Amino acid sequence: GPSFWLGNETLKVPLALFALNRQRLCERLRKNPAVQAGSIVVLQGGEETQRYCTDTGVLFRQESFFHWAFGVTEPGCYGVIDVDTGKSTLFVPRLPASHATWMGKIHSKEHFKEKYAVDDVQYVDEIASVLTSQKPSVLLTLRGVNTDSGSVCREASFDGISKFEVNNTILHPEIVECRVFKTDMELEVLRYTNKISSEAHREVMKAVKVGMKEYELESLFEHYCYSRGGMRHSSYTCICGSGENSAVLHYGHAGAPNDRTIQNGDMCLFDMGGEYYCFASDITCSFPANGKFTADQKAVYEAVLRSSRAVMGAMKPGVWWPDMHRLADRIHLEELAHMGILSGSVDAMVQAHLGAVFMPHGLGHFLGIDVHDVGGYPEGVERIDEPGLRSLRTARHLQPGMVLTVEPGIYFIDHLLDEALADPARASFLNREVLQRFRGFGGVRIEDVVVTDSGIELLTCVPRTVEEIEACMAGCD
Amino acid sequence: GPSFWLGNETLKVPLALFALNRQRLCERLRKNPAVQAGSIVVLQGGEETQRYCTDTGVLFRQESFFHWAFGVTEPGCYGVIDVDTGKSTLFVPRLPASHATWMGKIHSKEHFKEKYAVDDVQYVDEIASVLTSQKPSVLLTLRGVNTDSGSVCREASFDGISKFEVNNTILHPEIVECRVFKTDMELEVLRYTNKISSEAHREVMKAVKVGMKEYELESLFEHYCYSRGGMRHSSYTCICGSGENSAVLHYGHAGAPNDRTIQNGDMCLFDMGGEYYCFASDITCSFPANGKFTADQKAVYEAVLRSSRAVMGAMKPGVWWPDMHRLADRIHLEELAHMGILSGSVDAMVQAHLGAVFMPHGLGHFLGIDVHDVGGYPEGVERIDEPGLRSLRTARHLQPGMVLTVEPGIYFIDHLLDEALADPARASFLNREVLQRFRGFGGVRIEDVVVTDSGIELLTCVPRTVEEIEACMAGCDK
Ligand code: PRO
Ligand code: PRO
Ligand SMILES: [Mn+2]
Ligand SMILES: [Mn+2]
Ligand SMILES: [Mn+2]
Ligand SMILES: [Mn+2]
Ligand SMILES: [O-]
């Protein structure tokens, strides 16, 4: 069948991927006792947007649920699926003649049917008429809360939808659950996205020089990913933190826009991931700006390497993700104690939640079409109200087919350190004379993407040991 | 005073640029008879957004009017200006402690005051209280229609604004008119943006090889502009049309995403422009993929070069922009006839609007903080209901200080050509035997950015003659 492809060495993605997702969704809905026979799933695709009230077009990126189901790149579409038969109908805009002049060829409905391997293609202005003729019991629309953003996903609407019976509660949990488990075809794309991003991270590490601006590496990364990988978008805004900025978890946004000069002695923390055909990647590399770890940098780095490897090794079906987070906490504390930053019983440190002082974020998250992928907190899965753990983007048990980031880190964040030092329950563990040395150190984060099977499959491939990193940065083959 | 700067060789932009804009706006409003004493301009900045319902952040780019007045890069701000005194107050978000962990240092209000060189800084949640204490007569908010998008620019709102008298009609035309005329400081930034983009276009011309995907050059352009120019954004989505795609005016959008393989014999039409600190650039270079103009390519190209230079030579104060468009039409028709594509009286061709068949878009547009900048059609300036001219983004007369693109083009667009051949009023002018040779040719567009004075100043610096282009593509220095 047909494939998405951007030529050269980019990945051919079969449109069968999306057909399988539609089938999987129907199969799941068919098992749901609340789903009426003759129900039709109705999804609305993303529309073109502009900057505020200007005519400056924003590059269109498809809505993630719609993409998962149809893989459609064009704006202004709808897509429906007959639950009982699995029949798919794509609705495309009926374009004006002038489109030929300004935007490109006005493709036929047949062209789109062939392109996307759907069962039928109709025009958007015909959606109410077409659906009316099918005599559905109910339209299943998509409404639910994203547990990372807290935003409500708004459901499909079209002219005349009020004449139909609409249910907006059933679909969201079901399609989310399908997205949690990646098909082999989806896994092929995620192998690719992480391959390209891994290559780009290596190129960045080879290119870093003292005196460069952080954003020079952001540019290089995105350039490698687009020109060599066909990745027009990144999965998220590049985080290129040097020096103290490596302690800032989502550094690189408009408020702190990767504009610091990399200095000799700095640690770099580069968190970047290209996107291909709306599939994510997410990799974080940490390394000395000047290519040689100091003793302190080596110690902090290898502590995070230890937790990273320990977590990956321990991941198997049935493992509770919060246990992996606590495992990383314990290892970090052990290492910080070995370094002399901490003293006392590690057991006592854990009970006092001292790990969260050094790793305030979650150990890792689901990844797929969104970098922070959906389904981390389905009904019945509760967020843990403790430092560190409350920032976990899922509290689920691991199962085969899940795709997760593994991203332990250790940071020296002043307001968290100062808080702990004011608290007698935590201050006793901390050696102020030693900790003082690490103020302004920044931080280290080591992030890989993995797939759960009988254990895990590692999708990311970058230099990780101190020896590997120093060799890579010294221009070694 | 302070400057925006991204280090290395990037431009230092003094925040005084924005203070001058605020001053100019106040000066204009003070002369406006309908503006009440004690009026305060109230602008709302852009807010951070995400992809749909996800937590995937979209890179924040400031709203253009707000940027023009304040040059503020942070999301979630407001800005007010006391008309009578010119006093500026910036309102910044009161951030939670956790911001320190995830986003960066929680800067003081004093930090922002020094950074942006405003008179006062307050937290956003205090805006109603602060404004109440100043006892303004009326709040001047921003509402009006963008004449390129047709969208309504939505006015500032905050909790408790209902307690104030608000006027949303006065400000928009006045601030638009200020934006139409660029200050010396603004011009320095626009020189820079067009310099960097010019350099990037040259690099693209040196790098192009048959067999490459169009998007490889898009990527190279943006990489040059960001890494060397500090241009994190482009002014618009890159249009990298090769072969028949060069006839597609806004090629490169998601529906047609620069994914064609460049072939031997193709003409390339690359319309790309980086953005620096929310100031635009817009350049279009046209050239043969293999670095060698054919006779046909040379002929079409030099015709557009002729109209470009003729328009630039003719641009003066008092000149009506639609007349420049017609001038370009006439030149294109003359040259297509000299090529044997057309035959008969050029006068008759013009009366039949034949030019619009080969150049269906406007000759050029205002440029500034937006690539299609505001103020092309103020009240009293009407859109001309004719082919080609109706697509003009302004029908104003030129005055000193305006910044315009000059972008004539010739394209071979099948449905327009076929319409002309079906039209008895136009069909006789077309020589199909010669024209057939140009089906699938694509098109040529030559775009420069200029500033109006007693004549014009050219901001763009790229190879333009056939000789210059073939030299650039051959890797020549300078
Ligand atoms: O948001 C998260 O969960 C991870 C933590 C470091 C940055 N990204
Ligand atoms: O939109 C416009 O006015 C110009 C015409 C060619 C592409 N940009
Ligand atoms: Mn990341
Ligand atoms: Mn991550
Ligand atoms: Mn252009
Ligand atoms: Mn233009
Ligand atoms: O991350």
# chains A, B, ... in the order shown; residues from 1 in each chain; ligands from 1
>>> interface_residues(of="chain B", to="chain A", cutoff="7 Å", atoms="only C-alpha atoms", output="compact mmCIF listing (two decimals) with N, CA, C and O atoms, in the first residue's frame")
# COMPACT_ATOMS: atom_id res chain seq x y z
N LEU B 6 21.93 39.01 20.73
CA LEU B 6 22.13 37.57 20.85
C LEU B 6 23.59 37.20 20.63
O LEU B 6 23.91 36.07 20.26
N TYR B 52 -2.94 22.24 20.68
CA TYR B 52 -4.26 21.73 20.99
C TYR B 52 -4.42 21.54 22.51
O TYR B 52 -4.15 22.47 23.27
N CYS B 53 -4.83 20.36 22.97
CA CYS B 53 -5.02 20.13 24.40
C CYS B 53 -3.80 19.50 25.08
O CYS B 53 -3.87 19.13 26.25
N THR B 54 -2.69 19.39 24.36
CA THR B 54 -1.46 18.82 24.90
C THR B 54 -0.73 19.84 25.78
O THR B 54 -1.14 20.99 25.85
N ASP B 55 0.36 19.41 26.41
CA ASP B 55 1.23 20.34 27.12
C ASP B 55 2.46 20.64 26.28
O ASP B 55 3.47 21.13 26.79
N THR B 56 2.40 20.32 24.99
CA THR B 56 3.50 20.64 24.09
C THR B 56 3.48 22.12 23.79
O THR B 56 2.61 22.60 23.07
N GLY B 57 4.43 22.85 24.36
CA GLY B 57 4.49 24.28 24.20
C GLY B 57 4.85 24.70 22.79
O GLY B 57 5.72 24.11 22.14
N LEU B 59 6.53 27.68 20.62
CA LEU B 59 7.52 28.73 20.85
C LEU B 59 6.83 30.09 20.78
O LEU B 59 6.20 30.41 19.79
N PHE B 60 6.95 30.86 21.85
CA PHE B 60 6.23 32.12 21.94
C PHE B 60 6.87 33.20 21.07
O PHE B 60 8.08 33.42 21.12
N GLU B 63 3.03 39.38 20.16
CA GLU B 63 2.04 40.04 19.31
C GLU B 63 2.65 41.34 18.76
O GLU B 63 3.32 42.06 19.48
N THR B 73 9.71 40.30 25.22
CA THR B 73 9.75 38.93 24.74
C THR B 73 8.96 37.95 25.62
O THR B 73 8.59 36.88 25.16
N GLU B 74 8.69 38.32 26.87
CA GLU B 74 8.01 37.40 27.79
C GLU B 74 6.51 37.31 27.56
O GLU B 74 5.86 38.32 27.31
N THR B 101 12.37 26.29 39.26
CA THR B 101 12.83 24.95 38.93
C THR B 101 12.72 24.65 37.44
O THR B 101 13.66 24.15 36.82
N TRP B 102 11.56 24.96 36.86
CA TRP B 102 11.22 24.48 35.53
C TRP B 102 11.59 25.44 34.39
O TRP B 102 12.00 25.00 33.32
N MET B 103 11.45 26.74 34.64
CA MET B 103 11.48 27.74 33.57
C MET B 103 12.67 28.69 33.62
O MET B 103 13.15 29.15 32.59
N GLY B 104 13.14 29.00 34.83
CA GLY B 104 14.29 29.87 34.99
C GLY B 104 14.16 30.83 36.14
O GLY B 104 13.20 30.77 36.91
N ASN B 146 -7.40 43.66 10.27
CA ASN B 146 -6.24 43.45 9.44
C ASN B 146 -6.71 43.23 8.00
O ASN B 146 -7.54 42.36 7.75
N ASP B 148 -5.20 42.17 5.33
CA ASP B 148 -4.65 41.03 4.62
C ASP B 148 -5.32 39.73 5.06
O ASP B 148 -5.65 38.89 4.23
N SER B 149 -5.55 39.58 6.37
CA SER B 149 -6.18 38.37 6.89
C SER B 149 -7.69 38.52 6.97
O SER B 149 -8.42 37.53 6.90
N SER B 151 -8.98 39.42 9.64
CA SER B 151 -9.25 39.13 11.05
C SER B 151 -9.34 40.40 11.89
O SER B 151 -8.70 41.41 11.60
N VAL B 152 -10.14 40.33 12.94
CA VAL B 152 -10.26 41.43 13.88
C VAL B 152 -9.23 41.27 14.99
O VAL B 152 -9.18 40.25 15.67
N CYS B 153 -8.40 42.29 15.16
CA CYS B 153 -7.45 42.35 16.26
C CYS B 153 -8.23 42.62 17.55
O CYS B 153 -8.92 43.62 17.67
N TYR B 215 13.30 20.91 0.57
CA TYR B 215 13.34 21.22 2.00
C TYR B 215 14.76 21.19 2.57
O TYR B 215 15.01 21.75 3.63
N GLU B 216 15.69 20.57 1.86
CA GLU B 216 17.09 20.61 2.29
C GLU B 216 17.62 22.05 2.25
O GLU B 216 18.43 22.44 3.10
N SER B 219 15.96 24.08 5.08
CA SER B 219 16.66 23.79 6.33
C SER B 219 17.97 24.59 6.41
O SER B 219 18.26 25.19 7.44
N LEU B 220 18.74 24.58 5.33
CA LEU B 220 20.01 25.31 5.28
C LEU B 220 19.80 26.81 5.51
O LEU B 220 20.55 27.45 6.23
N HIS B 223 18.90 27.49 9.19
CA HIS B 223 20.08 27.22 10.01
C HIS B 223 21.07 28.39 9.94
O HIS B 223 21.62 28.82 10.96
N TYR B 226 19.49 31.41 11.86
CA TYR B 226 19.50 31.26 13.31
C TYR B 226 20.94 31.25 13.84
O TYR B 226 21.28 32.06 14.69
N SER B 227 21.77 30.35 13.35
CA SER B 227 23.10 30.16 13.92
C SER B 227 24.00 31.38 13.70
O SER B 227 24.78 31.74 14.58
N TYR B 236 7.97 34.06 7.72
CA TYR B 236 6.87 33.32 7.12
C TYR B 236 7.44 31.97 6.72
O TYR B 236 8.66 31.81 6.66
N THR B 237 6.58 31.01 6.42
CA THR B 237 7.05 29.69 6.00
C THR B 237 7.78 29.80 4.66
O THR B 237 7.27 30.39 3.71
N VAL B 248 3.61 28.08 -8.09
CA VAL B 248 2.70 28.08 -6.94
C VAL B 248 3.17 29.15 -5.95
O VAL B 248 4.22 29.02 -5.34
N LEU B 249 2.37 30.21 -5.79
CA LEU B 249 2.83 31.44 -5.16
C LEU B 249 3.19 31.30 -3.68
O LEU B 249 4.16 31.90 -3.22
N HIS B 250 2.40 30.52 -2.94
CA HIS B 250 2.69 30.27 -1.52
C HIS B 250 3.01 28.80 -1.29
O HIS B 250 2.61 28.21 -0.29
N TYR B 251 3.74 28.21 -2.23
CA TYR B 251 4.19 26.82 -2.10
C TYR B 251 4.97 26.62 -0.80
O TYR B 251 5.60 27.55 -0.31
N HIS B 253 3.64 25.20 2.23
CA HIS B 253 2.76 24.97 3.37
C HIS B 253 2.56 23.47 3.60
O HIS B 253 3.03 22.65 2.81
N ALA B 254 1.85 23.11 4.67
CA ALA B 254 1.72 21.70 5.06
C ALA B 254 1.14 20.83 3.94
O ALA B 254 1.47 19.65 3.84
N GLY B 255 0.28 21.42 3.12
CA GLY B 255 -0.33 20.71 2.00
C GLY B 255 0.60 20.44 0.84
O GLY B 255 0.35 19.56 0.02
N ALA B 256 1.67 21.23 0.75
CA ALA B 256 2.64 21.11 -0.33
C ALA B 256 4.03 21.43 0.21
O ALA B 256 4.63 22.44 -0.16
N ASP B 259 8.67 19.18 -0.77
CA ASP B 259 9.15 17.79 -0.83
C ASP B 259 9.45 17.26 -2.24
O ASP B 259 9.54 16.06 -2.44
>>> closest_atom_pairs(of="chain A", to="ligand 1", cutoff="8 Å", atoms="only C-alpha atoms and all ligand atoms", output="tab-separated table")
residue	atom	partner	partner_atom_place_in_ligand_line	distance
A:249	CA	ligand 1	7 (C)	4.9
A:250	CA	ligand 1	7 (C)	5.6
A:271	CA	ligand 1	7 (C)	7.5
A:361	CA	ligand 1	5 (C)	5.4
A:362	CA	ligand 1	3 (O)	5.4
A:363	CA	ligand 1	3 (O)	7.3
A:364	CA	ligand 1	3 (O)	6.1
A:365	CA	ligand 1	3 (O)	6.4
A:372	CA	ligand 1	3 (O)	7.5
A:391	CA	ligand 1	3 (O)	7.2
A:392	CA	ligand 1	3 (O)	7.0
A:393	CA	ligand 1	3 (O)	6.6
A:407	CA	ligand 1	5 (C)	7.1
A:445	CA	ligand 1	6 (C)	7.7
>>> write_last_selection(atoms="N, CA and C atoms", output="compact mmCIF listing (two decimals), in the first residue's frame")
# COMPACT_ATOMS: atom_id res chain seq x y z
N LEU A 249 14.85 23.05 34.24
CA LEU A 249 14.35 21.83 33.58
C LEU A 249 13.76 22.04 32.18
N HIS A 250 13.03 23.13 31.97
CA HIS A 250 12.46 23.44 30.65
C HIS A 250 13.07 24.73 30.08
N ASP A 271 18.71 18.86 25.84
CA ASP A 271 17.50 18.06 25.80
C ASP A 271 16.74 18.43 24.52
N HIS A 361 11.63 16.45 39.38
CA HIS A 361 10.72 16.03 38.32
C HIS A 361 10.53 14.53 38.30
N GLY A 362 9.56 14.07 37.51
CA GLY A 362 9.31 12.66 37.37
C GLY A 362 10.43 11.93 36.64
N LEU A 363 10.62 10.66 36.98
CA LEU A 363 11.67 9.85 36.38
C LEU A 363 11.53 9.73 34.86
N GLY A 364 10.29 9.67 34.39
CA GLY A 364 10.05 9.53 32.97
C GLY A 364 8.58 9.43 32.65
N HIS A 365 8.25 9.44 31.36
CA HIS A 365 6.87 9.57 30.91
C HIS A 365 6.61 8.77 29.64
N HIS A 372 5.05 14.14 25.66
CA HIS A 372 4.39 13.71 26.90
C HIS A 372 3.09 13.05 26.50
N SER A 391 5.24 14.77 40.49
CA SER A 391 5.55 15.25 39.14
C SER A 391 5.64 14.12 38.13
N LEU A 392 5.52 12.87 38.58
CA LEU A 392 5.48 11.74 37.67
C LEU A 392 4.29 11.89 36.75
N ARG A 393 4.51 11.65 35.46
CA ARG A 393 3.45 11.82 34.47
C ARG A 393 2.65 10.53 34.28
N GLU A 407 14.72 9.20 32.35
CA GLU A 407 15.47 10.44 32.44
C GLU A 407 15.76 10.91 33.86
N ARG A 445 21.31 15.45 33.43
CA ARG A 445 20.18 14.60 33.08
C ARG A 445 20.58 13.67 31.94
>>> residues_near_ligand(ligand="ligand 3", cutoff="6 Å", atoms="only C-alpha atoms and all ligand atoms", output="PyMOL selection string")
chain A and resi 271+282-284
>>> write_last_selection(atoms="N, CA, C and O atoms", output="JSON list (two decimals), in the first residue's frame")
[["chain", "number", "residue", "atom", "x", "y", "z"],
["A", 271, "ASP", "N", 18.71, 18.86, 25.84],
["A", 271, "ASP", "CA", 17.50, 18.06, 25.80],
["A", 271, "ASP", "C", 16.74, 18.43, 24.52],
["A", 271, "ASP", "O", 16.12, 19.48, 24.42],
["A", 282, "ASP", "N", 12.84, 12.05, 22.12],
["A", 282, "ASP", "CA", 13.25, 12.86, 23.27],
["A", 282, "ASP", "C", 14.52, 12.29, 23.87],
["A", 282, "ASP", "O", 14.50, 11.23, 24.48],
["A", 283, "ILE", "N", 15.61, 13.01, 23.70],
["A", 283, "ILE", "CA", 16.91, 12.58, 24.18],
["A", 283, "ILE", "C", 17.56, 13.72, 24.93],
["A", 283, "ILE", "O", 17.46, 14.87, 24.51],
["A", 284, "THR", "N", 18.22, 13.41, 26.04],
["A", 284, "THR", "CA", 19.00, 14.39, 26.77],
["A", 284, "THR", "C", 20.41, 13.87, 26.93],
["A", 284, "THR", "O", 20.61, 12.75, 27.40]]
>>> residues_around(residues="residue B:71", least_positions_apart="5", cutoff="10 Å", atoms="only C-alpha atoms", output="ChimeraX atom specification")
/B:4,13-19,62-66,116,277-278
>>> write_last_selection(atoms="N, CA, C and O atoms", output="mmCIF file, in the first residue's frame")
data_model
loop_
_atom_site.group_PDB
_atom_site.id
_atom_site.type_symbol
_atom_site.label_atom_id
_atom_site.label_comp_id
_atom_site.auth_asym_id
_atom_site.auth_seq_id
_atom_site.Cartn_x
_atom_site.Cartn_y
_atom_site.Cartn_z
ATOM 1 N N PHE B 4 18.772 44.795 23.143
ATOM 2 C CA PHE B 4 18.572 43.391 22.821
ATOM 3 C C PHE B 4 19.759 42.931 21.965
ATOM 4 O O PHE B 4 20.162 43.624 21.045
ATOM 5 N N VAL B 13 20.108 45.893 19.332
ATOM 6 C CA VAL B 13 18.932 46.741 19.127
ATOM 7 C C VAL B 13 18.621 47.515 20.413
ATOM 8 O O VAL B 13 18.188 46.925 21.399
ATOM 9 N N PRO B 14 18.833 48.842 20.403
ATOM 10 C CA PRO B 14 18.591 49.599 21.637
ATOM 11 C C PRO B 14 17.117 49.614 22.011
ATOM 12 O O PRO B 14 16.275 49.807 21.142
ATOM 13 N N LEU B 15 16.808 49.431 23.294
ATOM 14 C CA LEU B 15 15.421 49.475 23.734
ATOM 15 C C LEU B 15 14.844 50.876 23.551
ATOM 16 O O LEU B 15 13.636 51.062 23.600
ATOM 17 N N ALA B 16 15.723 51.850 23.338
ATOM 18 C CA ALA B 16 15.318 53.204 22.968
ATOM 19 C C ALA B 16 14.471 53.215 21.694
ATOM 20 O O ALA B 16 13.693 54.133 21.481
ATOM 21 N N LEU B 17 14.636 52.203 20.848
ATOM 22 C CA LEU B 17 13.813 52.078 19.642
ATOM 23 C C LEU B 17 12.331 52.103 20.016
ATOM 24 O O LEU B 17 11.529 52.820 19.419
ATOM 25 N N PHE B 18 11.989 51.331 21.039
ATOM 26 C CA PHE B 18 10.604 51.170 21.449
ATOM 27 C C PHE B 18 10.106 52.388 22.228
ATOM 28 O O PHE B 18 8.948 52.766 22.108
ATOM 29 N N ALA B 19 10.994 53.019 22.991
ATOM 30 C CA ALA B 19 10.651 54.268 23.667
ATOM 31 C C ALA B 19 10.273 55.330 22.637
ATOM 32 O O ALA B 19 9.329 56.084 22.832
ATOM 33 N N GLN B 62 6.000 37.310 20.201
ATOM 34 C CA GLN B 62 5.177 38.399 20.730
ATOM 35 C C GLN B 62 4.193 38.932 19.689
ATOM 36 O O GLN B 62 4.476 38.926 18.486
ATOM 37 N N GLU B 63 3.031 39.377 20.161
ATOM 38 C CA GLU B 63 2.043 40.038 19.306
ATOM 39 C C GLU B 63 2.647 41.339 18.764
ATOM 40 O O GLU B 63 3.316 42.057 19.476
ATOM 41 N N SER B 64 2.413 41.621 17.489
ATOM 42 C CA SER B 64 3.169 42.652 16.771
ATOM 43 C C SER B 64 3.002 44.085 17.298
ATOM 44 O O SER B 64 3.981 44.802 17.453
ATOM 45 N N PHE B 65 1.783 44.502 17.591
ATOM 46 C CA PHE B 65 1.568 45.847 18.110
ATOM 47 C C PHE B 65 2.244 46.012 19.479
ATOM 48 O O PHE B 65 2.873 47.028 19.752
ATOM 49 N N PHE B 66 2.108 44.999 20.326
ATOM 50 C CA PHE B 66 2.716 45.023 21.657
ATOM 51 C C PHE B 66 4.232 45.114 21.540
ATOM 52 O O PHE B 66 4.875 45.904 22.224
ATOM 53 N N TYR B 116 13.934 46.818 29.968
ATOM 54 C CA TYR B 116 13.110 47.382 28.902
ATOM 55 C C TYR B 116 13.080 48.903 28.927
ATOM 56 O O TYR B 116 12.507 49.523 28.039
ATOM 57 N N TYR B 277 14.156 39.499 16.239
ATOM 58 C CA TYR B 277 13.509 40.297 17.274
ATOM 59 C C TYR B 277 12.192 40.862 16.733
ATOM 60 O O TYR B 277 11.920 42.057 16.851
ATOM 61 N N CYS B 278 11.426 39.994 16.080
ATOM 62 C CA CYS B 278 10.118 40.329 15.507
ATOM 63 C C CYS B 278 10.164 41.405 14.403
ATOM 64 O O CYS B 278 9.176 42.080 14.169
#
>>> residues_near_ligand(ligand="ligand 5", cutoff="8 Å", atoms="only C-alpha atoms and all ligand atoms", output="PyMOL selection string")
chain B and resi 239+271-273+282-284+407+447
>>> closest_residue(among="A:473, A:333, A:446, A:381", to="ligand 4", atoms="only C-alpha atoms and all ligand atoms")
A:446
>>> residues_near_ligand(ligand="ligand 2", cutoff="8 Å", atoms="only C-alpha atoms and all ligand atoms", output="count of residues only")
14
>>> closest_residue(among="B:285, B:35, B:142, B:180", to="residue B:402", atoms="only C-alpha atoms")
B:180
>>> residues_around(residues="residue A:170", least_positions_apart="4", cutoff="10 Å", atoms="only C-alpha atoms", output="MDAnalysis selection string")
chainID A and resid 29 32 34:35 140:144 174:175
>>> decode(residues="stretch 258-319 of chain A", atoms="C-alpha atoms", output="short mmCIF file (atom, residue, chain, number, x, y, z; two decimals), in the first residue's frame")
data_model
loop_
_atom_site.label_atom_id
_atom_site.label_comp_id
_atom_site.auth_asym_id
_atom_site.auth_seq_id
_atom_site.Cartn_x
_atom_site.Cartn_y
_atom_site.Cartn_z
CA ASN A 258 19.07 29.56 24.83
CA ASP A 259 21.03 32.84 24.68
CA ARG A 260 23.88 32.16 27.13
CA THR A 261 27.52 31.90 26.06
CA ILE A 262 29.03 28.50 26.87
CA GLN A 263 32.02 29.01 29.18
CA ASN A 264 35.08 26.92 29.98
CA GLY A 265 34.32 24.59 32.91
CA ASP A 266 30.55 24.60 32.30
CA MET A 267 28.42 21.50 32.13
CA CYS A 268 26.06 21.28 29.16
CA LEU A 269 22.63 19.69 29.32
CA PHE A 270 21.03 19.38 25.89
CA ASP A 271 17.50 18.06 25.80
CA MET A 272 16.32 17.85 22.18
CA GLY A 273 14.19 15.61 20.00
CA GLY A 274 13.07 15.80 16.40
CA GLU A 275 9.58 14.87 15.22
CA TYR A 276 8.84 12.81 12.06
CA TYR A 277 5.30 12.62 10.66
CA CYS A 278 4.00 13.65 14.12
CA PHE A 279 5.94 10.90 15.96
CA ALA A 280 8.14 12.10 18.84
CA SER A 281 11.66 11.58 20.04
CA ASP A 282 13.25 12.86 23.27
CA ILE A 283 16.91 12.58 24.18
CA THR A 284 19.00 14.39 26.77
CA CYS A 285 22.78 14.42 26.71
CA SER A 286 24.96 15.90 29.46
CA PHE A 287 28.66 16.65 29.01
CA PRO A 288 31.44 19.12 29.86
CA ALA A 289 31.59 22.13 27.52
CA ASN A 290 35.39 21.80 27.21
CA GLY A 291 35.32 18.05 26.63
CA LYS A 292 36.93 16.96 29.91
CA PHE A 293 34.97 16.03 33.04
CA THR A 294 36.30 17.44 36.29
CA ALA A 295 36.28 15.09 39.27
CA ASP A 296 33.08 16.67 40.61
CA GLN A 297 31.42 16.57 37.19
CA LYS A 298 32.43 12.93 36.74
CA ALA A 299 31.00 12.02 40.13
CA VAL A 300 27.64 13.71 39.54
CA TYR A 301 27.42 12.42 35.98
CA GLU A 302 28.23 8.80 36.84
CA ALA A 303 25.65 8.85 39.65
CA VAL A 304 22.97 9.64 37.08
CA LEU A 305 24.43 7.08 34.66
CA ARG A 306 24.13 4.53 37.47
CA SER A 307 20.45 5.33 38.14
CA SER A 308 19.69 5.39 34.42
CA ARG A 309 21.18 1.94 33.88
CA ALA A 310 19.63 0.56 37.10
CA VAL A 311 16.15 1.70 36.10
CA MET A 312 16.41 0.31 32.56
CA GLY A 313 17.70 -3.00 33.89
CA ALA A 314 14.83 -3.26 36.38
CA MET A 315 12.05 -2.42 33.93
CA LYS A 316 9.88 -5.41 33.07
CA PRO A 317 6.15 -6.16 32.87
CA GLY A 318 4.39 -5.65 36.19
CA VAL A 319 6.93 -3.16 37.54
#
